[PDB]
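Protein chains in written order, with the deposited numbering: chain A, 1 to 237; chain B, 1 to 237; chain C, 1 to 237; chain D, 1 to 237. Positions of the beta carbon are idealized from the N, C-alpha and C atoms, including for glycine. Inspection log for the structure reproduced underneath, given as C-alpha cells.
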Ligand SMILES: [Ca+2]
Ligand SMILES: [Ca+2]
Ligand SMILES: [Ca+2]
Ligand SMILES: [Ca+2]
Ligand SMILES: [Cl-]
Ligand SMILES: [Cl-]
Ligand SMILES: [Cl-]
Ligand SMILES: [Cl-]
Ligand SMILES: [Cl-]
Ligand SMILES: [Cl-]
Ligand SMILES: [Cl-]
Ligand SMILES: [Cl-]
Ligand SMILES: [Cl-]
Ligand SMILES: [Cl-]
Ligand SMILES: [Cl-]
Ligand SMILES: [Cl-]
Ligand SMILES: [Mn+2]
Ligand SMILES: [Mn+2]
Ligand SMILES: [Mn+2]
Ligand SMILES: [Mn+2]
Ligand code: NA
Ligand code: NA
Ligand code: NA
Ligand code: NA
C-alpha cells in the first residue's frame with residue numbers, strides 16, 4: 001500500500017472502527033484508527049481552520065482546529081516521522097462522503113517545511129500558499145473527484161451546480177513538488193500546514209471528513225476509500 | 001521555440017552578437033542579444049551573488065550582481081512579462097561552456113513569487129530555498145550536464161572528479177512545480193530570485209555564463225546551445 | 001518639520017491644494033500635494049486593501065488599492081528614497097477627519113523590509129503582521145486619537161461607542177522598532193506594506209483619508225493637521 | 001527580580017551550581033541551574049549555530065547547537081511559557097566572561113514569533129533577521145559591554161582592538177520591539193530563534209557562555225551577573 005500520515009477532521013463517528021461517539025480530530029499513522037483523538041464541536045456551514053505542526057527535535061505531530069467565536073479542539077501524538085515516511089514525500093488534502101454527505105470545500109491552504117543543516121548557510125525551505133484556486137491549477141495534482149476554480153475554491157468532493165453535496169465521492173489535491181523531510185546533515189526539520197474549510201450538509205449527520213496528509217510521492221486514491229476511509233486507506237486496519 | 005526571459009551573468013564577450021567587449025550582466029527577452037547590459041567585474045574563483053526582482057505594477061525586470069568587498073553591477077529593463085511569458089511558467093538556472101570554459105557552480109538558490117488578488121484574503125505565494133543540493137534532488141528537473149550533490153552543490157556544467165571544468169557543456173536546473181505569474185483577479189504580481197555562484201577557470205578568458213531564467217513549463221535545452229547561447233536559445237537572433 | 005513619504009488614500013477632494021476633483025490615491029514626497037495621483041472609486045462601508053512597494057534598484061514607489069469585485073487603482077512615482085529619508089525611519093499609518101468625516105478603521109497591517117548586503121550571508125530583514133489589534137498593543141506607538149482593541153481593530157480616528165465617526169479627529173499608529181532603509185554595504189533595499197481598511201460615513205462626502213507613511217523616528221502629529229493635512233504635514237505647501 | 005527563560009550555551013562547568021563536568025547546552029526557567037542539559041562538544045574558534053523552538057500546543061522549549069562537520073547537541077524541556085513569562089516580553093542575547101574568558105561574538109541572529117487567532121484572518125507575526133550588525137544599530141538595545149559594528153558583528157562581551165577577549169565582562173542585545181507571546185483568541189503561539197556565534201579563547205578553559213533569552217520588557221543586567229551568572233540572574237538559586 002501507500003504510507004500515510006494524516007490529521008483527520010472526521011465528521012462521522014464510525015465506532016465499529018474505534019471512532020469516539022462524536023465528531024473528532026485525529027492523528028493517523030498508517031491507519032484510519034487514529035492513534036489519538038480529541039472531541040470536535042463541528043459547526044455545519046461555518047468556515048473553520050486547521051493547523052498542523054511538527055519538528056524532528058521533539059518528534060510530536062500536533063493539530064488544532066477552530067471556528068471564530070468558538071473554543072479550539074487540539075490533539076498531539078509522539079511519533080518520529082523519519083521512522084514512518086520516506087525521505088521524499090508529497091503533502092496533500094483528501095476528503096470523502098459515503099451514504100452520508102457534505103461539502104468538503106477548501107477556501108485556502110498553506111504549507112511551510114524547513115530542513116536546517118549543520119553548515120552555517122543553513123536552511124532548505126519550501127512554502128506555498130493558496131488563498132485562491134483557479135480552474136486549471138498546474139501546481140496541484142487533483143485525484144478522484146477533486147476540482148478547483150468553483151468560486152475560487154478547491155472542492156475535494158463532488159458538489160452539484162445547485163450548491164448541493166453528493167454522496168459516495170472521494171477526492172484529493174497534492175502539491176506538485178516533492179517535499180524533502182530528512183537530509184544527511186539535518187539538525188532540525190520542521191513543517192507546518194494551515195487550511196481553511198467549509199463543511200455543510202442538508203443532513204444532521206454529515207460525513208465523512210477532511211484530512212491533511214503526507215504520503216509517498218506516487219500516492220493515489222485507494223480502491224473503495226470513499227466514506228469512512230477518507231480517501232487515505234484501502235481498509236480499516 | 002521555447003519562450004525565454006533570462007538575466008545573464010555572461011563571462012565571455014561575443015561582440016559579433018552584440019555583447020559589449022567585457023564580462024557583463026544582461027536582461028534577455030526572447031533573444032541572447034540582451035535588451036540591456038551593464039559592465040561586470042567578474043572575479044575568477046570568488047563566490048558571487050545575483051538578485052533578480054520584478055513586479056507587474058512597475059513592469060521592470062532588474063538585477064544586481066556582487067562579490068564581497070566589491071562594488072555591485074546593476075541592470076534594468078522596462079518590460080511587461082505578462083505580454084511575453086505564458087501565465088504558467090517554470091523558473092530555472094542554466095549555464096554553458098564552449099571552446100572556452102569554467103565551473104558553473106551554484107552554492108544556493110532561492111525564489112519567491114506572490115500573486116495578490118483583489119479579495120481581502122489576498123496572497124497566492126510560492127517560495128523555495130536551496131542552500132544544500134543533494135545527490136537525488138527530486139524537486140529539481142536537471143537537464144543536459146547539470147548534476148547535484150557534489151560538495152552539496154549544483155554543478156550546471158561538467159566538472160571532472162579532479163575539480164577541473166570541461167568545455168562544450170550545457171546544463172539546466174528547473175524547479176519541479178510550475179509558477180503562476182498571472183491571475184484573473186491579480187492586483188499585484190511580484191517575484192524575486194537570488195543565487196550564489198562560484199565561476200572558476202584555469203583560463204584568463206572563461207566562458208560562457210550563468211542565467212537565471214523563466215520559461216514555458218516543458219522548456220528543454222535547445223540543440224547546439226552550448227557556448228554563447230547559454231543553454232537558452234537555438235540561435236543568436 | 002518632520003520628513004514624510006506617504007501613500008495617501010485621499011477621500012475628500014481639496015482642489016484648492018491640487019487634489020483632482022474625485023477621491024484618489026496619491027504619492028506624497030515631503031508635501032500633501034501629491035507628486036502623482038490616480039482616480040480612486042472609493043466604496044463607502046466596504047473593506048478595501050492597499051499595497052505599497054519599493055526598491056532601491058528601480059527607485060520607484062508604487063501603490064495599488066482595491067475592493068473585491070472591483071477594478072484596482074494604481075499610482076507610481078520615480079523617487080530615490082535614500083535622497084529623501086534618513087537611513088533610520090519609522091513606518092506607520094495616519095488618518096484624519098475635519099468638518100467632513102468617516103471611520104478610519106484598520107483591520108490588518110503588514111510590512112516587510114529587506115537590506116541585502118554584498119556579503120554572501122546577505123539579508124537584513126524586518127517583518128510584522130497585524131490581523132488582530134489588542135487593547136494594549138505594546139509594539140505600536142499610538143498618537144493623537146488612534147486607539148486599538150475595539151473589535152480587534154485599529155481606529156485611527158475617533159469613533160463613538162454607537163459606531164459613529166467623529167469630525168476634527170487625527171490619529172497615527174507607528175511600529176515601535178526603527179527600520180533601517182540604507183546600509184554601507186547594501187546592494188538592494190526593498191520594502192512592501194499592505195493594509196486593509198474600512199472607511200464608512202453617514203455622509204455622501206466623506207473625509208479626509210488614510211496614509212501609509214515613512215518618517216523620521218521621533219515623528220509626531222503636526223499641529224492643526226486634522227482634515228486635509230491627513231495628520232502628516234503642518235501646512236499645504 | 002526579572003523573569004528569565006534562557007537557552008544557555010554554557011562553556012565553563014560550575015559543578016558547585018549543578019553544571020555537569022563539561023561544556024553543555026541548558027534550558028533555564030527562572031534559574032541558572034538548568035532544568036535540563038546535554039553535553040556540548042564546544043569547538044574553540046569555530047563558528048557555531050544555535051536553534052531554539054517552541055509552541056503552545058506541545059509546550060516544549062527545545063534547542064539544538066551545531067558546528068559544520070560535527071554532530072549536533074540537543075536539549076528539550078516540557079514547560080508552559082504562558083505560566084512563566086508575562087504576555088509581553090523582550091527577546092535577546094546575553095553573554096559573560098569572568099576570571100576565565102572568551103570572545104562572545106554574534107555573526108547573525110533571527111527570530112520569528114506567530115500568534116494564530118481563531119478568526120479566519122489568523123496570524124499575528126514578528127520576524128527579524130540580522131546578518132550584519134552596524135555601528136549604530138537603532139533596533140537593538142545594547143546593555144553592559146555589548147557593542148555592534150566591529151567587523152559587522154555583535155560583540156556581547158569586551159574585546160580589545162588587538163582581537164583579544166577581556167574577562168569580567170557582561171553584555172546583552174535585546175530587540176527594540178516587544179513581542180506578544182499570548183493573546184485572548186490565540187489557538188497556537190509559536191516562535192523560533194537562530195543565532196550564529198564565534199567563541200574563541202587563548203585559554204584551554206574558556207568562560208562563561210552565550211544565552212538566547214526571553215524576559216520582561218524592562219529587563220536589565222543584574223548586579224554581579226558576570227561570569228557563571230551569564231548576565232541573566234542576580235544569584236545561583
Ligand atoms: Ca469516521
Ligand atoms: Ca557571451
Ligand atoms: Ca484631500
Ligand atoms: Ca557555567
Ligand atoms: Cl477529548
Ligand atoms: Cl490533475
Ligand atoms: Cl489500491
Ligand atoms: Cl555600463
Ligand atoms: Cl531529473
Ligand atoms: Cl530544439
Ligand atoms: Cl487617472
Ligand atoms: Cl502609546
Ligand atoms: Cl509641529
Ligand atoms: Cl547528555
Ligand atoms: Cl543602546
Ligand atoms: Cl539588580
Ligand atoms: Mn476517526
Ligand atoms: Mn551577453
Ligand atoms: Mn490628495
Ligand atoms: Mn550551565
Ligand atoms: Na478561495
Ligand atoms: Na551548497
Ligand atoms: Na482585526
Ligand atoms: Na556579521
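- For residue 33 of chain B, the three-state secondary structure derived from DSSP is coil.
- Those residues of the region 64-95 of chain C placed with their C-beta closer than 8 Å to a C-beta in chain D are 88, ordered along the chain.
- With a beta-carbon spacing of about 6 Å, residue 181 of chain A and residue 87 of chain A fall inside the 8 Å limit used to define contacts.
- Distances between the C-beta of residue 174 of chain B and the heavy atoms of ligand 9 are all 7 Å or more.
- Measuring C-alpha to C-alpha distances from residue 4 of chain C to each of C:112, C:92, C:76, C:127 identifies C:92 as the nearest.
- Ranked by how close their Cα comes to the Cα of residue 108 of chain A, the residues A:155, A:145, A:236 have A:155 in first place.
- The three-state reading of DSSP puts residue 148 of chain C in strand, counting E and B together.
- According to DSSP, residue pairing for residue 197 of chain B in a beta bridge involves B:48, B:106.
- Residue 183 of chain B belongs to the set of residues whose beta carbon lies under 8 Å from a beta carbon in chain A.
- The beta carbon of residue 154 of chain D sits no closer than 7 Å to any heavy atom of ligand 15.
- For residue 131 of chain B, the CB falls within less than 7 Å of some heavy atom of ligand 22.
- Residue 11 of chain C is not a Cβ neighbour of residue 25 of chain C, given a cutoff of 8 Å.
- Scanning its chain for C-beta atoms nearer than 7 Å, with the 5 sequence neighbours on each side dropped, one finds around residue 145 of chain A the residues 157, 158, 169, 170, 171, in chain order.
- Cα atoms of residue 233 of chain B and residue 148 of chain B: separation of roughly 23 Å, rounded to the nearest angstrom.
- Secondary structure note for residue 204 of chain B: it is in no beta strand (DSSP E), with a DSSP letter that is neither H nor E.
- Assigned with DSSP and collapsed to three states, residue 15 of chain A falls in helix.
- In the three-state scheme derived from DSSP, where H, G and I count as helix and E and B as strand, residue 26 of chain A is classed as strand.
- Contact check between the region 115-134 of chain C and the region 69-84 of chain C: fewer than three CB pairs, one atom from each, fall below 8 Å, which does not count as touching.
- Against chain A, a Cβ distance below 8 Å from residue 131 of chain B picks out 117, 119, 121, 122, 123, 124.
- Judged by the Cβ position, residue 93 of chain C fails to qualify as a neighbour of ligand 12 at the 7 Å threshold, every heavy atom of the ligand being at least this far.
- Of the heavy atoms belonging to ligand 21, at least one sits nearer than 7 Å to the Cβ of residue 108 of chain A.
- With a 10 Å radius around the Cβ and a threshold of 16 neighbouring Cβ atoms, residue 174 of chain D comes out buried.
- Taking every residue with its beta carbon within less than 6 Å of a heavy atom belonging to ligand 12 gives, in chain order, C:141, C:142.
- For residue 191 of chain B and residue 152 of chain D, the gap between their C-alpha atoms comes out near 29 Å.
- For residue 151 of chain B, the closest Cβ of chain C is not nearer than 8 Å.
- When DSSP states are grouped into helix, strand and coil, residue 227 of chain D belongs to the helix group.
- Between the C-alpha atoms of residue 229 of chain B and residue 121 of chain C there is a straight-line separation of about 31 Å.
- For residue 66 of chain A, DSSP records a beta bridge to A:49.
- The contact set of residue 47 of chain D on chain A, defined by CB atoms closer than 8 Å, consists of 120 in chain order.
- Taking every protein chain shown into account, the CB of residue 51 of chain C has 16 or more other CB atoms within 10 angstroms, so this residue is buried.
- Rounded to the nearest angstrom, the gap between the Cα atoms of residue 199 of chain B and residue 21 of chain B is 19 Å.
- Among the residues of chain B, those whose CB is under 7 Å from the CB of residue 58 of chain C are 58, 60, 62, 76, following chain order.
- Listed along the chain, the chain D residues whose CB falls inside 9 Å of the CB of residue 128 of chain C are 124, 125, 126, 127, 177.
- Considering only beta carbons, no part of the region 7-29 of chain C lies closer than 7 Å to chain D.
- The Cβ of residue 138 of chain C sits closer than 8 Å to at least one Cβ of chain D.
- The beta carbons of residue 226 of chain D and residue 96 of chain D sit about 5 Å from each other, so the pair counts as a contact at 8 Å.
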